[PDB]
Amino acid sequence: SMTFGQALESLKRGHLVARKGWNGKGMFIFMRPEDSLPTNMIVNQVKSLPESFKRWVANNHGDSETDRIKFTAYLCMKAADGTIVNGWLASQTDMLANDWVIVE
Amino acid sequence: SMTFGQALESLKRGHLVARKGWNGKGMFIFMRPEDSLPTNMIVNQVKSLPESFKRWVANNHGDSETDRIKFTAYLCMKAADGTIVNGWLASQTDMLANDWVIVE
Amino acid sequence: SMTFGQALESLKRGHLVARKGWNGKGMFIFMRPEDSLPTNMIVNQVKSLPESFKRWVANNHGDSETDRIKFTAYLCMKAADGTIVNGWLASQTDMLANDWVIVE
Amino acid sequence: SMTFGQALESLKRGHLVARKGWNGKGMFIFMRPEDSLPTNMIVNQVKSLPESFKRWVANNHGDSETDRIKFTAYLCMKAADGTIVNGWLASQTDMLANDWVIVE
């Protein structure tokens, strides 16, 4: 019987959490921590990045092998259909509800 | 300072809150509590509702003098420009920050 | 078969829209247009406002009906339980889906 | 001058976009496309996942060399401070604005 604040503190400590009131079933959210990558890795190996973004990184860093780009922490959802949504966002109801529970 | 979870608990108790970086622009958020308005008002007196929604309420309730629509609680922003944005939403960074302050 | 962009242009024209892919059934979203209220009305008549906000309004504005607070347009949801959520949020999946439909 | 709908169609076609007022801070958003990855890579090689989520995956897929988990497309922000936010949020104002522009 947790508020979103308590759910967030559980997420920050690595738990999976959910709301009892969600329409879908089997769903949960989790936090992915901050990460920092060398820019040359961005430009040439990391995918799921659009060519325009890789070009922007290249044009701002070049061949550097010590320049870094930092990715903030963020929330994700294991959705009803089993897919993963990077970038879960909280509805008004989610933020203000007190029906949060720990899944793991 | 405060976590977003502590900010939400302050919001629920009726405070105005903000992240520290908002200070220069004078931005803050607040909670509007649940409210149930008679349907009559909704169909005939509320001006900030589209005609499609007012219809929908009548397709379902007709001339009911007794049926009410419930509006759940939600967050709002008093923006930099002085306008009010109903339906403030939290970014990943906002959700995970710990620089929230009570404004009032 | 509408994108979110098409759905938003319908929302701007006063229609109710929904996603086929949503888990909850019977739901839809709608736009509430910009509204300008006299500050007297905000301070003394609207119940769904916290006292701290009514004081902020009284302290930073006048009392004559020419004194107005502008509420920007925003999106809302008629939820599965019949409640209304002012301040609907678009998920990553909502924003990028092509399964939007006109509801009215 | 683009609606948010037009910005989204541009995003889906690999462009970097922004609202006109973002230009001073040099912020933009981009889309990362869908990707489908084998569960063993998720459990053992993907770097920013919490232990609890890796454990959930292992306890639903074993070592099956073929099982895959799909990550939906999503939006990201190159923020004012140069960090990358996976899972960018559109505000009410953002969704209804018509001051979107192509950055690249």
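We just call them A, B, C and D in the order they show up, numbering each chain from 1.
As a convention for this text, a residue touches a chain if its C-beta (ideal position, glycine included) is under 8 Å from a C-beta of that chain, and two chains touch if they have at least 3 such contacts.
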Subject >> Chain pair with the higher count of C-beta pairs in contact (C-D, B-D) >> reply: C-D
Subject >> Chain pair equivalent in interface to B-C, over half of contacts matched, among A-B, A-D or A-C >> reply: A-D
**OP:** Please compute the C-alpha centroid of chain B, do the same for chain D, then give the distance between them in whole Å.
**Re:** 27
**OP:** Could you give the separation in Å between the centres of chain A and chain D, each centre being the mean of its C-alpha atoms?
**Re:** 9
**OP:** Find the geometric centre of each of chain C and chain D from their Cα atoms only, then give the gap between the two centres in Å, rounded to an integer.
**Re:** 25
**OP:** Hunt down the residues of chain A that sit against at least two other chains at once, touch-wise.
**Re:** 31, 72, 74-75, 79, 85-90, 92-93
Subject >> chain C contact footprint on chain D (complex, rising order) >> reply: 3-6, 8-9, 12, 31, 72-75, 87, 89-90, 92-93, 95-96
**OP:** Please give the residue numbers of chain C that touch chain A in the complex, ascending.
**Re:** 22-24, 79-80, 85-93
Subject >> Contact set on chain D toward chain A in their complex >> reply: 14-16, 30-33, 35, 47-53, 55-56, 69-72, 74-76, 78-79, 82-89, 104
